[PDB]
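Right, one structure below, let's go through it.
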Amino acid sequence: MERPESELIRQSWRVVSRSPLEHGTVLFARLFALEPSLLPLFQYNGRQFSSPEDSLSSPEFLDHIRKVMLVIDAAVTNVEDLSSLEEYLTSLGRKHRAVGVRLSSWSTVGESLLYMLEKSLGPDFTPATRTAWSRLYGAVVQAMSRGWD
Ligand code: HEM
């Protein structure tokens with residue numbers, strides 16, 4: 001990730017980072033709207049969520065969203081030199097393994113992240129901004145993939 005894209009990522013993330021659960025709530029609502037077959041992957045207290053709105057009522061799931069947003073925040077923090085996060089990201093890929101699932105739906109999660117950013121930023125979601133985030137997301141998924149394999 002080069003310099004120009006890096007300030008773009010930082011600037012755009014500031015808004016998000018002020019209310020991470022409200023934003024991650026959009027990401028996951030979008031995710032389950034696009035691919036409801038991912039809903040059963042998130043099971044707490046020996047229960048499957050029936051509908052996407054059920055997931056938003058689960059404190060365990062909302063806490064999961066906060067973890068996701070904290071990891072994206074760590075990626076933003078290290079956007080200039082990710083290799084600093086490489087080991088952690090490989091360990092995160094290992095975690096998915098695993099608990100049970102592949103990362104074959106990585107693009108859908110990526111499009112849900114970009115959806116949340118588009119909706120939050122509005123006119124500030126420039127072509128340059130989208131491209132920067134797509135590349136950052138791609139870099140994170142690659143490190144996680146090294147994890148998993
Ligand atoms: C490729 C599609 C993905 C799927 C289907 C998926 C699904 C899941 C599932 C089922 C869990 C376990 C939930 C639980 O039992 O609480 C999980 C954990 C997690 N995921 Fe994802 N995930 C994907 C990609 C990602 C990406 C791209 C990131 C971040 C950039 C991410 C960050 C996390 C974090 C931080 C956890 C918690 C890890 C821990 O407890 O140590 N995931 N994911």
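Naming scheme: A, B, ... for chains in displayed order of the structure tokens; residues 1 onward per chain; ligands 1 onward as shown.
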
Exercise. Can you tell me which residues come within 10 Å of ligand 1 when counting only C-alpha atoms and all ligand atoms, ideally as number ranges by chain?
Key: A: 31, 35, 37-44, 60-75, 88-89, 91-110, 113, 136-145

Quiz item: Using only C-alpha atoms, which residues sit within 8 Å of segment 77-82 of chain A once same-chain residues fewer than 5 positions away are excluded, as a PyMOL selection string?
Solution: chain A and resi 1-3+6+9-10+136

Practice problem: List every residue of chain A that DSSP, applied to the backbone of this structure, assigns to alpha helix (DSSP H), and report them as a VMD selection string. | Solution: chain A and resid 3 to 17 20 to 34 52 to 55 59 to 77 86 to 99 106 to 121 127 to 148

Quiz item: Of the candidates A:33, A:134, A:46, A:148, which one gets nearest to residue 87 of chain A if we count only C-alpha atoms?
Solution: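 Looking at the shortest contact to residue 87 of chain A, the residue is A:148.
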
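Of the listed residues A:128, A:8, A:114, A:85, the one whose atoms come nearest to residue 23 of chain A is A:114, with distances taken using only C-alpha atoms.
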
Exercise. Can you pull out every residue within 12 Å of segment 115-117 of chain A, counting only C-alpha atoms, but drop anything in the same chain fewer than 2 positions away, and send it as a ChimeraX atom specification?
Key: /A:9,11-17,20-31,33-34,69,107-113,119-126,129-134

Practice problem: Quote the spacing between atom CA of residue 76 of chain A and atom CA of residue 135 of chain A in Å to one decimal place. | Solution: 12.0 Å
